[PDB]
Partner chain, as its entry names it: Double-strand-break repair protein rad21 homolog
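One chain is shown next in structure tokens, namely the form deposited without the partner chain.
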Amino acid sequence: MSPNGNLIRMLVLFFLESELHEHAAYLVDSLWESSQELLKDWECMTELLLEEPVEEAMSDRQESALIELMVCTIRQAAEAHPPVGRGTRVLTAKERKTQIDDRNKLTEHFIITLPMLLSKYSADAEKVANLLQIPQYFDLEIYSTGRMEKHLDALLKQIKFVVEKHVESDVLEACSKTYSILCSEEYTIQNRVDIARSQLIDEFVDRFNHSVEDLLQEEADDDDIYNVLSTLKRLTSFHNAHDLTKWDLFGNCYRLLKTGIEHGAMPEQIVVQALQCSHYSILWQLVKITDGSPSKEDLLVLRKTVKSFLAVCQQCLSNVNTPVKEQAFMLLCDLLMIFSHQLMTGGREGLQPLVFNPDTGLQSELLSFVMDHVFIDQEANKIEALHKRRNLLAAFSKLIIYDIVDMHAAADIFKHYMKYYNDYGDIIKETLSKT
């Protein structure tokens, strides 16, 4: 109890203080055989985190490590398998019984205590994004069973306060995914969560629409920019996993982008998010059309939308801010792939009107960005910026393979940048072999 408390406290210390475990998941996984009993004392963990001291209080860094360790243990108990990259899969009857009981214990426990945890740590973006990894492991049927509706309300309350207080893509994304999980995985509670969700969306769609109108009718206050950006981030975040097409967000994202192109002066992060939000609106318009039985005008309306947006992402390659150029680029390669001829596969040849072959102008510009932003002359940030330029190349690589761009003009650029490997590589290879 206070014994298990000492062990968990020293465990958080050994993790933080040694460089002997870099990943919490890996430490937990390694101690799992020997210390499963300790590592699932979740009452002890939430107590440490929620109670005030008498004494010796936890530091902010230890609080954070304890949450990350707690969530790793919740995953291991619920999944009953090592974490990704310690895998090698069949459970014994006793492991299956322990998995069921463990899921039951953590579900009953964290349904009650996750609201209290979110409440206390509501400001700390890292901690909240960690704490919201938890409900994905819930046995959601218990929200009915244990007459625990009071605690579902409690969570939705605290998710609302979190979404309202924050703009970090991590946090917003954890809220978005957590609403997804609560909704479409149990009918009893679906109806209640849908209401809390759509109410939350309405409040943000109002704030966004009022902020857009402020910004555009204006010379523009720093408040006008914060208001648009902050509300748009929430809606973009959610628009990935929630179909928000009933709110015409595309229209206002389009105006934000059309204004910034025209008067040249839209803040980079408003352009980037407006781009992402518009893209997510289109993907969702497309899903509703594939699955429905769409009329001729239904298709031709989505066509006009996609053409004006391809045109916006085209013009956005010429914006000064490289984050914009990269977003515009990534969406161009996505969209030109999606609205290729592939679309007409699976007897779906009704969709011909939605196909788009990029013109030469666009292919040339999708060639330039590669030359300018994938192939550049010149710690942690640089291995992250490399994998991104890899994604940007791979994304572009797909348009080459299917001849959506000039597949020859592209290979020439690959010759030009590989030259020093085809001219001196053999000599460099054998030399480095013998050292």
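Residue numbers count along the first chain shown, from 1. The term rigid core refers to the maximal set of C-alpha atoms that superpose within 1.5 Å between the two forms.
According to the entry, the stretch of the deposited sequence that connects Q378 to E379 contains 10 or more residues lacking coordinates, which leaves a long gap in the model. According to the entry, the stretch of the deposited sequence that connects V54 to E55 contains 1 to 3 residues lacking coordinates, which leaves a short gap in the model. Set 261 to 269 against 110 to 118 and average the Cα temperature factors; 261 to 269 ends up higher. Comparing the deposited coordinates for 119 to 127 and 332 to 340, the stretch with the larger average C-alpha B-factor is 332 to 340. Within the selection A385, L393, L31, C44, the deposited Cα B-factor values reach their highest point at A385.
Across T73, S230, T345, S318, the entry's maximum B-factor at the CA atom is seen for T345. When the modelled residues of the chain are ordered by C-alpha B-factor, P323 sits in the middle third. Ranked within its chain, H242 lands in the lowest third, by CA B factor from the PDB record. When the modelled residues of the chain are ordered by their C-alpha B factor, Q285 lands in the middle third. Per-chain ranking of the deposited C-alpha B factor places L155 in the lowest third. In the deposited entry, the Cα temperature factor of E79 places it in the lowest third of its chain's modelled residues.
There is another form of the same protein, the form solved in complex with the partner chain; it is not shown, and what comes next is about it.
Contact with the partner chain in the deposited complex, judged as any non-hydrogen atom within 4.5 angstroms, is confined among 69 to 77, 280 to 288, 110 to 118, 123 to 131 to 280 to 288. Taking the partner from the other structure, the partner chain in the deposited complex has a heavy atom within 4.5 Å of a heavy atom of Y402.
Mapping the unseen interface onto this chain, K398 counts among the residues with a heavy atom inside 4.5 Å of the partner chain in the deposited complex. Using a 4.5 angstroms threshold between heavy atoms, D334 counts as touching the partner chain in the deposited complex. Contact check for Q273: every heavy atom lies farther than 4.5 Å from the partner chain in the deposited complex. Annotation: in the deposited complex, residues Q327, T345 and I427 each come within 4.5 Å of the partner chain through at least one heavy atom. Site annotation in the deposited complex: the residue of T231, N252, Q158, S176 reaching within 4.5 Å of the partner chain with a heavy atom is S176.
Between the partner chain and the residues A154, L310, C183, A241, the one pair within 4.5 Å by heavy atoms in the deposited complex involves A241. Taking the rigid core as fixed, one finds a CA shift for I427 of 2 Å or more between the shown form and the other one.
Put the two forms on the same core and the Cα of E17 is off by less than 2 Å between the shown form and the other one.
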